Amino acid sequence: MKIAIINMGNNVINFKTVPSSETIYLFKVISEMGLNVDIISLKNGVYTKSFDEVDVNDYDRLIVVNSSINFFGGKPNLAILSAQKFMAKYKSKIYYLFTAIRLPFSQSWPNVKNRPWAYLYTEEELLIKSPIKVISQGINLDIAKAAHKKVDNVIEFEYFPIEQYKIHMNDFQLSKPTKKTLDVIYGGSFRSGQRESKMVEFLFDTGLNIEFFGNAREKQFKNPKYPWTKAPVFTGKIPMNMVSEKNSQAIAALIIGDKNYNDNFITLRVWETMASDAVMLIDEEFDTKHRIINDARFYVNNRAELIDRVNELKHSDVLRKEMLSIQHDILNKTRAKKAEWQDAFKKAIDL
């Protein structure tokens, strides 16, 4: 029973990019699950084997982490091309991990064929014909179906909380009490639409000492629909394996909703925040039924609530430590179901 996992459009090497990090972490939990798996990427490396040195059919299961197939600058992207070439060669069912709503499986061929460099690839090389099973991180399978209407070889859908991969790691560790230098923190990237609207709502013009780390930049928030005067401080990106420690520098860390994610997906951020030394504050819209934690104090409806909640935390160290104690307990309750999570994953990939 040999398993192969690949990222469909991003080179995998270390934890310096989210796509690479996610692929490696998934590789790790699958291995720790007692399964034989290899990550196949562009070149051999610490965690990977290269496409050019393995036969895709020496594997019994092919797992693919979602990615975009857009060609930056209209030029060839080997990460995308080599992965799809690998996928098109596979003759069994493909398991597509849907962790980002905007990244549904898509064929690169229709795009490539009209490129000036189309001479480099044939339809047979890139056209993926194997049946595909979408493993949706979101509980709402209709959202997954809707996103995959343009591809007809996707004939199965199943929900699985993929994002719990960090908390089930053998070396997982809660963050310890950390000296506070921030009131609120958020580590991530800029995204248009509702996410943008909400980032402005919860992180801008708050009057609090807020930091936004990651790939975001103040200049990206220029939509007249979401006006702001004072922005939070933006700092650079850090490796994914240091996110919870970074979150810990703040009194509170935020979970912000987005269209189609609300009451559907639980995102990696939820666990990274819950496991940190920062109190987890959640955008009410993201989890209206309070499925994450049945305690209203961890939820903020708007900029006003956030400000008050944060002040309440700044004014009562006991309240802060109490909420941390509770979120940490709730986190471990999910961690205690590791065996169930592992069994559900195996079932998801027909094992």
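Heads up: residue numbers just count along the shown sequence, starting at 1.
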For 60-68 versus 297-305, entry-based mean Cα B-factors point to 297-305
Averaging CA B factors per stretch from the PDB record, which one is higher: 207-215 or 251-259? 207-215
Choose from 193, 131, 161, 187 the residue with the greatest Cα B-factor as stated in the PDB record. 193
Note to self: of 273, 267, 197, 108, the C-alpha temperature factor tops out at 197
Could you look up the Cα B-factor of residue 114 in the entry and say which third of the chain it sits in: lowest, middle or highest? highest
Check where residue 121 lands among this chain's C-alpha B-factors and tell me if it's the lowest, middle or highest third. middle
Binned into thirds over the chain's modelled residues, the C-alpha B-factor of residue 180 lands in the highest
Looking at the entry's B-factor column for C-alpha atoms only, identify whether residue 41 ranks in the lowest, middle or highest third of its chain. lowest
Relative to the other modelled residues in the chain, which third contains the C-alpha temperature factor of residue 165: lowest, middle or highest? lowest
